[PDB]
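**Student:** Here's a structure for you.
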Ligand code: CLA
Ligand code: CLA
Ligand code: CLA
Ligand code: CLA
Ligand code: CLA
Ligand SMILES: CC1=C(/C=C/C(C)=C/C=C/C(C)=C/C=C/C=C(C)/C=C/C=C(C)/C=C/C2=C(C)CCCC2(C)C)C(C)(C)CCC1
Ligand SMILES: CC1=C(/C=C/C(C)=C/C=C/C(C)=C/C=C/C=C(C)/C=C/C=C(C)/C=C/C2=C(C)CCCC2(C)C)C(C)(C)CCC1
Ligand SMILES: CC1=C(C/C=C(\C)CCC[C@H](C)CCC[C@H](C)CCCC(C)C)C(=O)c2ccccc2C1=O
Ligand code: SF4
Ligand code: SF4
């Protein structure tokens, strides 16, 4: 399909990889005894390996000639769960972190001892700001509009 | 593997450019030395004052960026040589599988292909590759003297 | 290929080093400025902090994520 | 109102916990730049600059020692708890030669359960190379319940040491005169601590370890072995194994000590069953050590008209060549903690290295000689600790010279006379270092270039120009002839390394004569050269710590400073700290070469398997003799060859070793950023980053500053040491566990 | 010999003069500051370039500046 | 400008260039740099105050 | 024991002057002390002052000045440093006008003073080929 890849559900090398891993795990399982915790752990390993391979097969995942899932990150929504949705999730979380950090910096920057409140965090104010970051996309595009997001010329510059 | 190594190459290019551009633009002065132009392109430092001013000259930016240029060219040449060794030997599947992780590089390029070179001379004999093993050790020695 | 790539890296580093030397000893702000306004080259020293900050951001971005993917695969 | 302690000196309060940097006069005002954060941790234990009173520094040191001992006790309790709960110690007891010791199981997350290896005995976990199983077996511990109780005792002891530290800083802190009773302290540490510890351990060995281990070697399973207390309440369970307890303590009090030859032997060699030292020999050794140390503890005058005064001993040792001699040394060592730390750390690291040597040389634990990973790990770890401690002793000698050295109090004594001719010492040490390096390494390079040129008869090899270590071979011959000639009451040599028979346990070689040839000559001279260069750096740091021809007032700049400036052609790293930094680098080099020599020589010419007919086959096959004489040989037949197991560990239970190999390479290369660069570039880059932050109104109030020059060097050396030592750690462990 | 220059931002706090290890700087009368004194560099032939002088300078970007130049046995700190 | 006034530093070779500081005292004598300004951010040398000329400071509204 | 009676009671160190301070220049520091205090040499170790005139020779001006700075801790202030060329060419150096350089003395002219701040320095491109 895309880039010459093929779905992993029809990739023979993918099933060969699964079979080889299961065979190695079973051979390891053979050298232990009865329902002893080592055998239980190896059986859990086998079950998890089978579940992971089955989930990857039924996941709209494209496999190359090596039988490994390749990620299609050109931007198409068909393979949108590989990069685009995790990209949105990370952008949300990281914007949350950056927004709460910036808000805390600007909030304790207007107190008597701004530097003290950076090594000794005001946990009440920190908790107040941190749970308010869920609106960071909206807060950012409400502070940029008011001109409160960017400094203009009070920023320092070197000699040249 | 080509994707990842191209991103590594892009990182190397960007970091070398960062060092060189920072040295060029900050050559005439900065906050730590707002009169750096009065000291010339290459000077040792401005002293231990103001927190310490090691490697503050523009020449030092070149000096630091030489390491990053060497690293970036090493990445580029490693990628090219491993790709073409796999292409010529026929085991292009070795690169396509092992080039996605660092241990793949270390084991299948360096450790694997260094065997003919180090056996250029052994306690049993030598080959026409003996000069290359001697140059290998010579390069390691000069590298570590640079470390000195 | 190795010889020419190493020569290429050397030449690029030399180009940037000589640009820095030009800034130190040959650049004249008066020539590159007309009535307060600065020309195309003198303006590179005005947003120099922006240029350096964004080069640093790109370098950190690429390094963090290339190393992250490589170590994840490892 | 006791005469030794002050009651309730410091109030137990949490107020100062909320004021970081309260100890320092400079840091108490609060952070203004990020340099304050780093200065906070760099001055935490520098009690000299926190108080102007030696009494307060001594009390802080005493409580810090208590905290450290509590930490050590907690670590030991954790080890015993892991042995009790997450180990296969019971399975290893019944099959020491076929079960690999494991005492740490790994949770099944993110696929990391592959690290749980097939250590044997129906167990999965990480193979343990600390030798705790062998130590516990030598202690007579035959059940995991005993390990649990030892862990509980360790926890109780750790709490006790924590309480002791709190008590002796906040409730009853000793006075300076109590700390300065060096005669009483030496008497107690020599008699009580050392001698009575040896005596108590000899008692434990005789009454618990001797019978239990004898029963274990006889084939008695641990379940039918009597509980250890039964060997004390019943004089018949121990009198069957050693038929001399039937006479009781009467032979001891009647001076008929010959009766106790059953369990106080002098045999030498190794136990043929376990491959370790005879535990009867060990008990006799500890008894003799106890008596010797108790006797040695009655030397210094403390509270009666009896004993020696160290001041009178030192002041009487003058000479024509040494002026006032040792006059003033007693005042130096009773008023400066740094001098005591220097001496103690140097001798402590040297002792650690000696311990490392004597460990593999004469394996003291059952079934530890045939556990090659344990032997390699123990040797390498102890040598590393010794090197670090020696560098620390040199560092604190330099610190004493900078801070606590008084010129007036040391007029024409040994310290003064050493400083007065420091040039001669350093110049001759420089010449010796150049001579040794030229010779050792250039003989290596000559061998390499002769081999590369196809001239095999021009090498410094055994089949060529030969450099036989005749002096060491003479000593080896003297030791193998000692039993019956110079040690007439010995039955076997102290170690089979000096010569004798091949000792094998379960077809695995425990010890064997270590032949010394031209390959050992070169590597021994390499060791001497590296040690001499490290000594050169550290001694130059100590002697030139106060002044020099460059900076006549270097003592006024302190122990830790980056430079004096770019003048005088450049005055980088003139400190004494910058000498402990370079000396750390050279100690890393020396110890790395030492452990490489040990690993290759043992694998190639000691360790291996013995065929039923007596044929010895080694791990590598004797390639050390002919291929360790060239640098290409070290690169190929040792590094490249034995790195195969590390690089091929992916997908196996040793994959963690490959991951740590790669990560240690990464950290070592990371160090070079700090080692090669300078502070100005990073400060000017932080300037642009701060510009971006200010543009986005997110510049921190604590101004971000690049790490100071000294801190940059410290970070570089710490990362370099961590990366190199971790790379060698992963390489050694993977190689010696795989094979 | 190195070059040492003094700038009128001098506040006459004398910290440069009492930090010079080779007696290069001295305090001379002046009328440009409250203290009525300014640093001078009349013995730059003894200047070693250690830059202790400008490590003790409290003014914003320094009032004493050391420009390293030609080297001499005095400026190189050679006891031999 | 006077004591307590807020000024912007116009000296280019300044750790507080383009930044705002508080005037501690303006000397009335014939000194070259009478204006003494205190800042919240310490410079690279650790100081937080400096003397400025009358043309190197601009009062904030 | 020693060549001159005013020398400090020093046992000699292999850190003193070399062949340079016999053909290029040597520096001598003189001072008078009330007590025979024990002080540390800038070169080697501990020496003993004379209760009176004291004279010491060094290879560098910095060594003599470090010794003088140490002398200030002994409440000694009258120390004076001279430069001696290969022959007896004595030149008073440290108390040049009899007043220490840290104290303002009339009769001193400013040397190396620029009537502007750092920002007034000329651009290097305008200082090419002179
Ligand atoms: C939490 C606040 C915060 C915010 C909003 C930003 C924002 C920014 N930083 Mg930044 N930074 C921060 C903290 C922050 N940083 C810290 C703590 C450090 C020290 C490690 C840095 C080091 C740093 C460098 C070296 C660079 C940036 C750069 C940048 C810019 C591009 C984004 C980027 O590369 O991310 C960079 C982010 C990191 C390197 C990791 C930050 C570390 C953690 C995740 C942040 C700290 C969280 C904090 C403890 C939360 C506490 C708040 C709570 C008490 C309420 C952007 C203006 C780049 C730039 O100038 O581009 C224009 C650049 O080169 N920053
Ligand atoms: C055609 C290209 C070209 C030209 C005309 C110049 C010309 C110049 N450069 Mg320049 N440069 C170049 C390329 C060039 N460079 C490149 C590619 C780089 C990057 C590496 C640099 C980096 C650079 C720096 C950093 C500096 C100059 C400087 C200078 C100026 C003085 C040069 C000098 O003093 O040489 C001195 C010559 C030497 C010290 C000889 C060095 C020889 C090296 C170490 C190689 C020799 C070892 C050899 C390989 C032995 C083999 C070992 C064996 C075992 C195999 C001069 C105007 C300097 C200056 O002040 O400019 C104003 C200065 O600071 N350049
Ligand atoms: C026979 C008496 C005796 C014994 C056994 C010890 C033993 C010890 N002393 Mg000690 N000491 C003694 C007498 C004694 N001292 C006297 C008379 C003085 C006064 C001059 C000192 C002054 C002194 C100082 C100043 C320091 C020590 C330290 C130490 C420890 C060294 C660390 C070590 O080797 O770890 C071995 C550890 C063990 C074997 C663990 C078990 C040891 C336990 C705690 C028994 C300790 C015996 C104790 C004195 C009994 C008092 C109980 C109390 C209720 C009165 C060690 C525990 C150092 C230390 O670490 O501080 C804590 C230290 O800094 N001692
Ligand atoms: C008995 C051992 C001992 C003791 C009591 C001391 C005590 C002291 N040393 Mg010292 N030292 C020692 C051993 C010791 N040292 C050794 C073995 C060395 C050689 C490396 C040194 C080298 C040394 C130097 C070079 C200096 C000191 C200094 C000091 C003083 C301040 C220490 C401080 O505040 O650090 C606080 C503690 C820290 C800052 C901890 C730093 C963290 C370390 C560096 C990294 C550890 C990594 C760890 C292994 C985990 C890595 C694993 C990784 C995967 C994460 C203090 C008197 C300093 C001083 O000024 O003395 C007056 C000083 O300049 N020492
Ligand atoms: C492989 C790299 C390397 C090498 C070769 C050396 C070599 C040396 N270091 Mg070291 N050093 C290194 C890395 C290295 N270092 C690093 C990375 C650091 C950073 C921490 C240091 C830090 C350091 C310190 C701090 C000190 C040394 C010292 C020494 C010298 C010890 C005396 C000696 O053996 O001289 C003999 C020279 C050699 C063994 C080098 C090889 C010479 C060959 C084999 C013989 C002669 C060849 C012949 C002349 C060639 C002629 C032909 C040619 C003209 C074409 C020696 C020159 C000490 C010193 O100054 O010397 C006493 C010292 O104090 N080093
Ligand atoms: C895709 C394509 C295309 C296009 C292409 C292009 C468009 C390219 C471009 C390219 C480019 C566009 C490149 C560039 C590069 C650049 C560079 C490489 C630069 C560098 C720089 C430097 C080095 C600088 C220097 C300096 C300084 C630093 C300052 C002073 C001055 C000077 C200048 C000296 C076509 C259509 C054709 C076709 C095919 C496809
Ligand atoms: C393992 C461990 C532990 C444990 C330990 C122990 C358990 C110990 C014990 C110890 C002991 C248990 C000791 C004992 C001792 C005793 C002694 C030391 C005694 C002595 C005696 C004597 C000396 C006497 C003498 C005499 C007299 C005086 C009189 C009569 C005569 C005679 C001669 C007999 C813990 C948990 C902590 C921690 C971890 C590790
Ligand atoms: C990068 C660099 C800096 C800048 C380095 C800085 C500012 C350190 C920043 C450390 C961050 C802020 C905290 C550490 C973050 C790590 C992720 C934590 C360590 C990892 C744990 C597992 C220990 C210097 O200041 C410097 C000074 C002198 C010589 C070389 C250098 C140098 O190379
Ligand atoms: S900064 Fe680096 S170079 Fe400049 S003086 Fe201090 S140490 Fe020497
Ligand atoms: S360098 Fe600075 S300190 Fe050293 S002498 Fe010249 S001026 Fe005085």
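The numbers here are math on the coordinates, done by the rules we state, and not lab data. Note that each Cβ is placed from the backbone with ideal geometry, even for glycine, and that neighbours are counted across all protein chains shown.
**Student:** Among the residues of segment E:3-43 satisfying the criterion of being more than 7 Å from every other protein chain (Cβ to nearest Cβ) and in contact (Cβ under 8 Å) with a residue 40 or more places away in the chain, which is surrounded by the fewest Cβ atoms within 10 Å (Cβ to Cβ)?
**Tutor:** Among those residues, the one meeting the criterion is E:3.
**Student:** What number of residues within segment E:25-55 are within 10 Å of the chain's Cα centre (by Cα) and either over 17 Å from residue G:107 (Cα atoms) or within 16 Å of ligand 9 (Cβ to nearest atom) (or both)?
**Tutor:** 7
**Student:** Kindly evaluate residue D:466 against the criterion of being outside any helix (DSSP H, G or I), touching a strand residue (DSSP E or B) at 6+ places or on another chain (Cβ under 6 Å) and over 30 Å from residue D:47 (Cβ atoms).
**Tutor:** When the stated conditions are applied, residue D:466 does not pass them.
**Student:** Look at residue B:57 and say whether it is crowded, with 20+ Cβ neighbours inside 10 Å, within 30 Å of residue B:37 (Cα to Cα) and more than 20 Å from the chain's Cα centre (by Cα).
**Tutor:** In short, yes.
**Student:** Does residue D:52 qualify as being part of a loop (DSSP other than H, G, I, E, B), more than 16 Å from ligand 10 (Cβ to nearest atom) and either within 30 Å of residue A:117 (Cα to Cα) or without any contact (Cβ under 8 Å) to a residue 24 or more places away in the chain (or both)?
**Tutor:** Against the criterion (part of a loop (DSSP other than H, G, I, E, B), more than 16 Å from ligand 10 (Cβ to nearest atom) and either within 30 Å of residue A:117 (Cα to Cα) or without any contact (Cβ under 8 Å) to a residue 24 or more places away in the chain (or both)), residue D:52 qualifies.
**Student:** Something else about it: Regarding segment D:554-561, can at least one residue be identified that is touching a residue at least 60 places away in the same chain (Cβ under 8 Å), within 31 Å of the chain's Cα centre (by Cα) and within 16 Å of ligand 8 (Cβ to nearest atom)?
**Tutor:** Scanning segment D:554-561 turns up at least one residue that is touching a residue at least 60 places away in the same chain (Cβ under 8 Å), within 31 Å of the chain's Cα centre (by Cα) and within 16 Å of ligand 8 (Cβ to nearest atom).
**Student:** What number of residues within segment B:55-93 are under 16 Å from residue B:10 (Cα atoms) and within 11 Å of ligand 2 (Cβ to nearest atom)?
**Tutor:** Residues in segment B:55-93 being under 16 Å from residue B:10 (Cα atoms) and within 11 Å of ligand 2 (Cβ to nearest atom): 3 in total.
**Student:** Quick check on segment C:15-35: of everything there that is in a loop (DSSP other than H, G, I, E, B), more than 16 Å from ligand 2 (Cβ to nearest atom) and surrounded by 13 or more Cβ atoms within 10 Å (Cβ to Cβ), which residue is farthest from the other protein chains (Cβ to nearest Cβ)?
**Tutor:** The qualifying residue farthest from the other protein chains (Cβ to nearest Cβ) is C:32.
**Student:** Being closer than 23 Å to residue D:109 by Cα, surrounded by 14 or more Cβ atoms within 10 Å (Cβ to Cβ) and out of contact with any helix residue (DSSP H, G or I) (no Cβ under 7 Å at 6 or more places or on another chain) is the filter here, so list the residues in segment A:51-85 that pass it.
**Tutor:** If the condition is that a residue be closer than 23 Å to residue D:109 by Cα, surrounded by 14 or more Cβ atoms within 10 Å (Cβ to Cβ) and out of contact with any helix residue (DSSP H, G or I) (no Cβ under 7 Å at 6 or more places or on another chain), then A:59, A:68, A:82 are the ones that fit.
**Student:** Would you confirm, using the coordinates I've provided, whether residue F:37 is out of contact with any strand residue (DSSP E or B) (no Cβ under 6 Å at 6 or more places or on another chain) and either in contact (Cβ under 8 Å) with a residue 60 or more places away in the chain or more than 14 Å from chain B (Cβ to nearest Cβ) (or both)?
**Tutor:** no
**Student:** Scan segment G:21-45 for residues that are touching a residue at least 24 places away in the same chain (Cβ under 8 Å), in contact with a strand residue (DSSP E or B) (Cβ under 9 Å, 6 or more places away or on another chain) and within 22 Å of residue D:419 (Cβ to Cβ) and report the count.
**Tutor:** Total meeting the criteria: 10.
**Student:** So, one more: Quick check, is residue D:430 closer than 30 Å to residue G:11 by Cα and not in a helix (DSSP H, G or I)?
**Tutor:** No, not satisfied.
**Student:** Would you mind stating whether residue D:98 is on the phi < 0 side of the Ramachandran plot, in contact (Cβ under 8 Å) with a residue 60 or more places away in the chain, assigned to a loop (DSSP other than H, G, I, E, B) and within 14 Å of chain A (Cβ to nearest Cβ)?
**Tutor:** yes
**Student:** Please go through segment B:39-61 and pick out each residue that is more than 16 Å from ligand 10 (Cβ to nearest atom) and either at the interface with another protein chain (Cβ under 7 Å from one of its Cβ atoms) or on the phi > 0 side of the Ramachandran plot (or both).
**Tutor:** Selection gives B:40, B:41, B:51, B:52, B:54, B:55, B:56, B:58, B:60, B:61.
**Student:** Given the conditions (1) more than 22 Å from residue D:279 (Cβ to Cβ); (2) touching a helix residue (DSSP H, G or I) at 6+ places or on another chain (Cβ under 7 Å); (3) away from ligand 3 (no atom under 16 Å from the Cβ), and given that residue D:141 satisfies all but one, which numbered condition is not satisfied?
**Tutor:** Result: residue D:141 passes all but (1).
**Student:** Quick check on residue D:190: is it within 23 Å of residue D:286 (Cβ to Cβ), surrounded by 15 or more Cβ atoms within 10 Å (Cβ to Cβ) and within 11 Å of ligand 3 (Cβ to nearest atom)?
**Tutor:** yes
**Student:** List the residue pairs whose Cβ atoms are under 6 Å apart, where the first residue sits in segment C:36-50 and is in a loop (DSSP other than H, G, I, E, B), the second is surrounded by 13 or more Cβ atoms within 10 Å (Cβ to Cβ), and the two are 6 or more positions apart or on different chains.
**Tutor:** These pairs meet every condition: C:39/C:32; C:41/C:32.
**Student:** Looking only at segment D:640-654, which residues are in a helix (DSSP H, G or I) and surrounded by fewer than 20 Cβ atoms within 10 Å (Cβ to Cβ)?
**Tutor:** Listed by number, the residues that qualify are D:640, D:641, D:644.
**Student:** Let me ask something additional. Considering only segment B:101-127, state which residues are surrounded by fewer than 21 Cβ atoms within 10 Å (Cβ to Cβ), touching a residue at least 12 places away in the same chain (Cβ under 8 Å) and not in a helix (DSSP H, G or I).
**Tutor:** B:119
**Student:** Here's another thing I want to ask about it. Is segment D:519-526 home to any residue that is in contact with a helix residue (DSSP H, G or I) (Cβ under 6 Å, 6 or more places away or on another chain), free of Cβ contacts under 8 Å to residues at least 40 places away in the same chain and surrounded by fewer than 20 Cβ atoms within 10 Å (Cβ to Cβ)?
**Tutor:** Checked segment D:519-526: no residue is in contact with a helix residue (DSSP H, G or I) (Cβ under 6 Å, 6 or more places away or on another chain), free of Cβ contacts under 8 Å to residues at least 40 places away in the same chain and surrounded by fewer than 20 Cβ atoms within 10 Å (Cβ to Cβ).
**Student:** If you go through segment D:469-507 one residue at a time, how many are within 20 Å of residue D:624 (Cα to Cα) and touching a strand residue (DSSP E or B) at 6+ places or on another chain (Cβ under 9 Å)?
**Tutor:** Here the count works out to 3.
**Student:** For segment D:250-333, list the helices (runs of 4 or more DSSP H) that sit wholly inside it and hold at least 3 residues that are on the phi < 0 side of the Ramachandran plot and exposed (fewer than 13 other Cβ atoms within 10 Å of the Cβ); which are they?
**Tutor:** Hits in segment D:250-333: D:250-253.
**Student:** Taking segment D:683-712 only, how many residues are assigned to a helix (DSSP H, G or I) and either more than 10 Å from ligand 1 (Cβ to nearest atom) or at positive phi (or both)?
**Tutor:** 7
**Student:** While we're here: Which condition does residue B:63 not pass, out of (1) crowded, with 23+ Cβ neighbours inside 10 Å; (2) in a helix (DSSP H, G or I), if it passes all the others?
**Tutor:** All conditions are met except number (1).
**Student:** A further question on this structure: Please work out which residue is nearest to the other protein chains (Cβ to nearest Cβ), limiting yourself to segment D:566-601 and to residues that are on the phi > 0 side of the Ramachandran plot and away from ligand 4 (no atom under 16 Å from the Cβ).
**Tutor:** D:568
**Student:** Would it be correct to say that residue D:671 is within 27 Å of the chain's Cα centre (by Cα), within 11 Å of ligand 8 (Cβ to nearest atom) and more than 8 Å from chain B (Cβ to nearest Cβ)?
**Tutor:** When the stated conditions are applied, residue D:671 passes them.
**Student:** On the basis of being within 16 Å of ligand 2 (Cβ to nearest atom) and not in a helix (DSSP H, G or I), does residue B:42 make the cut?
**Tutor:** In short, yes.
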